[PDB]
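Chain letters run A, B, ... following the sequence lines, proteins first and then strands; every chain starts at 1. Numbering of ligands and ligand atoms starts at 1, following listing order. Reckoned from all heavy atoms, side chains included, excluding hydrogens, waters and symmetry mates.
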Number of protein chains: 2
Amino acid sequence: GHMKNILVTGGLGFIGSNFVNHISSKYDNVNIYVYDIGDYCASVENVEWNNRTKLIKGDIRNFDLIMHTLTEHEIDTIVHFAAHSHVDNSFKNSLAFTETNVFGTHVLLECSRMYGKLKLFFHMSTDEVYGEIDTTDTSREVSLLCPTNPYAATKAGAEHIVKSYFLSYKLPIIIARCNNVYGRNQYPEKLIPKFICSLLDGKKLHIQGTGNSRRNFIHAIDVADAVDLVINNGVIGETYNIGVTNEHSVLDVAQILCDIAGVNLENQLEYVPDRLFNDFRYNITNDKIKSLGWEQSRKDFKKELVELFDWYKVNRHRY
Amino acid sequence: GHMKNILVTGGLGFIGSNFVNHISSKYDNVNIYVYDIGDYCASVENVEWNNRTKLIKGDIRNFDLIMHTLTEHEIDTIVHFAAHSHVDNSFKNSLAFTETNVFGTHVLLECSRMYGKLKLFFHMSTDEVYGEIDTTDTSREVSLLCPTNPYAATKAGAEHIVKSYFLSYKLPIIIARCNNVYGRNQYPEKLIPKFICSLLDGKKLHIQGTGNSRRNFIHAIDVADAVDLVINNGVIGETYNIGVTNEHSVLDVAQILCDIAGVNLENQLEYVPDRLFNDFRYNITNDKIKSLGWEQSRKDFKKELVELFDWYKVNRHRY
Ligand SMILES: NC(=O)c1ccc[n+]([C@@H]2O[C@H](COP(=O)([O-])OP(=O)(O)OC[C@H]3O[C@@H](n4cnc5c(N)ncnc54)[C@H](O)[C@@H]3O)[C@@H](O)[C@H]2O)c1
Ligand SMILES: Cc1cn([C@H]2C[C@H](O)[C@@H](COP(=O)(O)OP(=O)(O)O)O2)c(=O)[nH]c1=O
Ligand SMILES: Cc1cn([C@H]2C[C@H](O)[C@@H](COP(=O)(O)OP(=O)(O)O)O2)c(=O)[nH]c1=O
Ligand code: NI
């Protein structure tokens, strides 16, 4: 399309690698620079490497390496997936979220502003944030709801700065928000792959608290397609929600995976301490992204988890 | 009320030193730990040193020094004024706002959470941030408007993190927002003291852009009083506006200070580049603070500036 050289931050990770493999198989003209710090949730084997795919090892906070990359590889598009992932009950956990999600995003934006040649800065965000739209003008966000935990506050803070680069300097940003993603290439510490891999290794499923927490789950293939559509067709400066209706509690998910595994839910569940923080996901609409022509292609959650269960059976040794 | 041992971040700066002197003068049994990095806008001469006031030199990002200070000095209250001030048109300027305003605030909140014995975390913010309430009667903020520049974006980011510590962990936070403050102890780089010191040093007044940008100006004595009142009587978790009706353009202010200096406006004014970013300030009310029993004691702007002009004549050699 209007993409020749793209910098995919976090391209060794779960969503980043799914996006990189989608672009490399759809658009054989596009040079893809995977920019990634290579931490434990990352894997070279997530990406189908070819003569278009190159790896740059670095932190998004590395101003000088980023400036070198944008100028020397003539980057037209940043696709920013490099957000912090690891949640735990230990002191300073949320600080790493601010350092990567707020400060790291900000370094990328300022580099982009100094470079001055970007055609698009695509920022990936989550349903931890709820953008309220102008009742006058539904293309326009006026406010974000107050996050209830510091993890979610770093996501809101990142979105405010990204948008401010467009409103102040005309940096060409687009933000997308996504539900919880499931699919191939996810390190098994998030619910679905952790439970699948636990069920494959004979072990019990850790239920934090009551197991009544609810998420919406969207397939990685539907996400990769939505991002592709928004990058190529989206209105610069706008935010796109990539939501589905596919809401399950933690216990609902345990039930489905136990059913797929041929084992009884009761005697698989071990109850474990709750997270210490307020953990609220928003139902986000998908009307704007549908008007771009996006259609959810993986609607049968049960059927997709059967396939993914078998994918981890073959591939989990990778992690 | 509750204040015995207080940690005042940025207490060598403009608003912080005015607050320290106020607490020292009004109470006789509050120990004040002035916590400050000693940047060029700070002065030890700003503080009236006594038996109850001690300087700890430190960055608010210094987790281990903060943790030693909270625990060994049995701090009950943090009064957090250490925000980044220095605006210019230079690359990377806004990055230091994220490091101090977002990451620094977050270090203080996480230290406070780990310490577990704070009675109050007071966060000083600005009229660059505006929030919307749930209902007139409950007056709880449920959203922040989207900021139009990255400077304001960092102030919004800080407020989201501060509030989330109350909402997730019951950290006892109060936020206050302020108009532009004027008074003693300000480094001459903000409008009023820069113009007063330029008039005294016989130099030209720099008008950035058109000089039609407007601010509201509140006296530091009125701000220190409001912060004391909010700390002792405010509802934990809420935000309070500290803000008068005292609106003036840059050119309105230049004219008042030229009149006071005994000089003609024409021939004092040099026109210099505008700031590169979009800056509009939300008009705030002071009803919530009036209900706690605050009353603006310094209402006569020109009268206060005549006195402030006199104070810089005597004391500006400090800077
Ligand atoms: N996974 C989900 O369910 C979900 C839901 C909504 C949207 N998102 C968004 O998707 C993006 C990626 O999520 P994911 O699940 O694929 O995560 P992941 O942890 O699998 O991938 C993140 C990648 O970024 C890299 N990284 C981390 N910090 C970095 C830094 N400072 N510099 C450079 N590289 C760094 C890691 O090495 C990793 O490869 C995030 O921006 C997040 O906001 C996540
Ligand atoms: C990984 C995991 C998650 N959970 C719960 C915590 C959350 O309510 C939910 C999803 O957690 P997780 O997959 O970590 O996702 P998120 O980043 O959206 O919080 O599953 C468990 O109960 N046990 C587990 O082993
Ligand atoms: C310091 C200064 C400010 N200004 C303008 C910039 C702003 O529009 C206004 C106030 O600036 P400033 O005092 O820096 O306050 P704020 O942090 O709220 O921006 O005065 C000048 O025109 N010349 C100057 O020399
Ligand atoms: Ni190179």
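Listed as neighbours of ligand 3 are B/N180, B/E189, B/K190, B/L191, B/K194, B/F195, B/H206, B/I207, B/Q208, B/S213, B/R215, B/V250, B/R275, B/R281, each bearing a heavy atom under 4.0 Å from the ligand.
Sparse packing is recorded around CZ of B/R184, with 12 or fewer heavy atoms of other residues, nucleotides or ligands lying under 6.0 Å away. The local environment of CD in A/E307 is crowded, with over 12 non-hydrogen atoms from other residues, nucleotides or ligands closer than 6.0 Å. Within a 6.0 Å radius of CZ in B/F217, more than 12 heavy atoms belonging to other residues, nucleotides or ligands are found.
Residue A/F81 has at least one nitrogen or oxygen atom sitting less than 3.5 Å from a nitrogen or oxygen atom of ligand 1, judged on distance alone. Not one N or O of A/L12 is nearer than 3.5 Å to an N or O of ligand 1, by distance alone. Residue-to-ligand polar distances keep A/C41 apart from ligand 1: every N/O pair is separated by 3.5 Å or more. Of the polar atoms of A/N180, none of the N or O atoms is found under 3.5 Å from an N or O of ligand 1, judged by distance alone. For A/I15, a nitrogen or oxygen atom sits less than 3.5 Å from a nitrogen or oxygen atom of ligand 1, counting backbone and side chain alike. Checked against a 3.5 angstrom limit, the closest N/O atoms of A/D59 and ligand 1 fall inside it. For ligand 1, one of its N or O atoms has an N or O atom of A/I60 under 3.5 Å away. The shortest N/O to N/O separation between A/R61 and ligand 1 does not fall below 3.5 Å.
Contacts between A/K155 and ligand 1 below 4.0 angstrom, taking non-hydrogen atoms only, involve the side chain exclusively. Contacts of A/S85 with ligand 1, taken as heavy-atom pairs under 4.0 Å, involve the side chain alone. Looking at A/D127 against ligand 1, nothing comes within 4.0 Å, counting heavy atoms.
For A/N246 and A/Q296, the side-chain atoms include no donor-acceptor pair closer than 3.5 Å. A side-chain donor-acceptor contact under 3.5 Å links B/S94 and A/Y165.
Partners of B/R281 according to the salt bridge (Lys or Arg N to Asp or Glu O under 4.0 Å) rule, which considers only residues two or more places apart in sequence or in another chain, are B/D127, B/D279. Listed by chain and number, the residues in a ring pair (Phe, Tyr, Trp, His ring centres under 6.0 Å) with A/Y240 amount to none (sequence neighbours excluded).
Protein heavy atom closest to atom 18 (P) of ligand 1, with residue, atom name and distance, is A/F14 N, 4.0 Å. Among protein heavy atoms, the minimum distance from atom 23 (C) of ligand 1 is reached at A/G10 CA, 3.6 Å. Among all protein heavy atoms, the one lying closest to atom 33 (C) of ligand 1 is A/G58 O, 3.4 Å. Scanning all protein heavy atoms for the shortest distance to atom 21 (O) of ligand 1 gives A/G13 CA, 3.5 Å. Of the protein's non-hydrogen atoms, the one nearest atom 9 (C) of ligand 1 is A/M124 CG, 3.6 Å. The nearest protein atom to atom 36 (C) of ligand 1, hydrogens excluded, is given as A/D39 OD1, 3.2 Å; this is a heavy-atom distance. In this structure, the protein non-hydrogen atom closest to atom 5 (C) of ligand 1 is A/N179 O, 3.0 Å. Counting only heavy atoms of the protein, atom 35 (C) of ligand 1 lies nearest to A/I37 CG2, 3.6 Å.
The backbone N or O of A/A82 lies less than 3.5 Å from a partner atom in the side chain of A/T9, making a donor-acceptor pair. Looking only at distances, a side-chain donor or acceptor of B/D88 sits under 3.5 Å from a matching main-chain atom of B/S90. Side chain of B/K204 to main chain of B/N267: a donor-acceptor pair is present (N/O by atom type, distance under 3.5 Å, no hydrogens or angles).
Under the 4.0 Å criterion applied to side-chain N and carboxylate O atoms, A/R298 and A/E304 are assigned as salt-bridge partners. Remark: A/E141 engages A/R177 in a salt bridge, criterion side-chain N to carboxylate O under 4.0 Å. Note on B/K203 versus B/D201: no salt bridge recorded, every NZ/NE/NH1/NH2 to OD/OE distance being 4.0 Å or above.
Ring to ring, A/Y182 and A/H219 are close: their centroids are under 6.0 angstrom apart. Taking the ring centroids of A/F97 and B/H106, they lie at or beyond the 6.0 Å cut-off.
Judged by a 6.0 Å distance limit and a 45° cone about the ring axis, B/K190 is not positioned over the six-membered ring of B/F14.
Rounding to the nearest 0.5 Å places NE2 of A/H86 at 4.5 Å from OH of A/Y40.
Between the choices A/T100, A/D36, A/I56, the shortest heavy-atom distance to atom 28 (N) of ligand 1 belongs to A/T100. When A/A158, A/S125, A/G38, A/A83 are ranked by how near their heavy atoms come to atom 22 (C) of ligand 1, first place goes to A/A83.
Taking the six-membered ring where the residue is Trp, B/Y151 and B/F277 present tilted rings, their angle falling between 30° and 60°.
Side-chain atoms of A/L65 and A/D59, non-hydrogen and from C-beta on, never get closer than 4.5 Å to each other.
For the pair B/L269 and B/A254, the tightest heavy-atom approach, listed with the atom from each and the gap, is CD1-CB, 4.3 Å.
With waters left out, the protein N, O or S atoms under 2.8 Å from the Ni ion (ligand 4) add up to 1.
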